[PDB]
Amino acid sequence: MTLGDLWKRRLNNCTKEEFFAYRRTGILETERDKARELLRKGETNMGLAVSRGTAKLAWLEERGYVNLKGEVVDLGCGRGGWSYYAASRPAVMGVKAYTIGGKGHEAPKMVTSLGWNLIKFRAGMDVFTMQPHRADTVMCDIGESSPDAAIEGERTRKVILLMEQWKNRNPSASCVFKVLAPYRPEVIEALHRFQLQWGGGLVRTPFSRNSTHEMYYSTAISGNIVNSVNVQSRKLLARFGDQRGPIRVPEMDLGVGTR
């Protein structure tokens, strides 16, 4: 059992009040009041983030932790927050975005955020059924939380394997992907082998709730994986009992227009 495995167990043994107190204490949270209102009105002419995923990728890019460039693929794009962010970036030439949900909350949201015209959204697609094609940047934000740590670990290994397949197709592609359960030994071993073939490292974004151990792997950074993970498991464990609330910050506005 790792530090992260104990974090999972303490999280599962929270009452409902304790869970809600814990999940957002000390994290950054974008104020989505205007974004949510426009989305629920059906306004399409807006650059505000279509999801909270947009600020996570923005944070990684503004820190210099990812290279978003060329032909971009978004594997598991959901509402499209990463797709829209990427399509707004200068070095990005096009985005092919794929997601399984065909309608509802997790289908792509269609807005005029800057560079929207460079995005091709393919809903109803399972990316594990897809043969990799050419890409300069591969992004993947897939990994569904589960109370079972072993299930989180396997979901994470499936994403690492998918990234290996796209990297075999595109050996010099920049990669950025969610690592849902980096605390599992089987994930660390798969991720260390990825790191030893392709380079890269693991980071925690400050917008991630404490109710998930997710970290983001990028080929553009470096650092010891086990040390990065241990630091974050310790922090997640420390935050149990922490009573500071979330820290509200402005939501991303990428502006509107074609590129």
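Numbering starts at 1 and follows the sequence shown. By rigid core we mean the largest C-alpha set that fits within 1.5 Å across both forms.
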{"query": "Greater Cα displacement in 8 other deposited structures of this protein once the core is superposed, comparing 36-44 with 22-30", "finding": "36-44"}
{"query": "Stretch farther from the shown model on average in 8 other deposited structures of this protein, with CA RMS computed after core superposition (95-103, 163-171)", "finding": "95-103"}
{"query": "Between the two ranges 18-26 and 234-242, the one averaging a larger CA B factor in the entry", "finding": "234-242"}
{"query": "Which of 99-107 and 132-140 has higher mean CA B factor, as the PDB entry lists it", "finding": "99-107"}
{"query": "Of the residues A149, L114, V127, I160, the one carrying the largest Cα B-factor as recorded", "finding": "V127"}
{"query": "Member of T205, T219, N224, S211 with the greatest C-alpha B factor (per the PDB record)", "finding": "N224"}
{"query": "Cα B factor band for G76 (lowest, middle or highest third within the chain)", "finding": "middle"}
{"query": "For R63, the third of its chain into which the C-alpha B factor falls", "finding": "lowest"}
{"query": "Chain third (lowest, middle, highest) by recorded CA B-factor, residue given as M46", "finding": "highest"}
{"query": "Within-chain third of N168 by Cα B-factor, per the entry", "finding": "highest"}
{"query": "Where the record places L57 (Cα B-factor, split into thirds across the chain)", "finding": "lowest"}
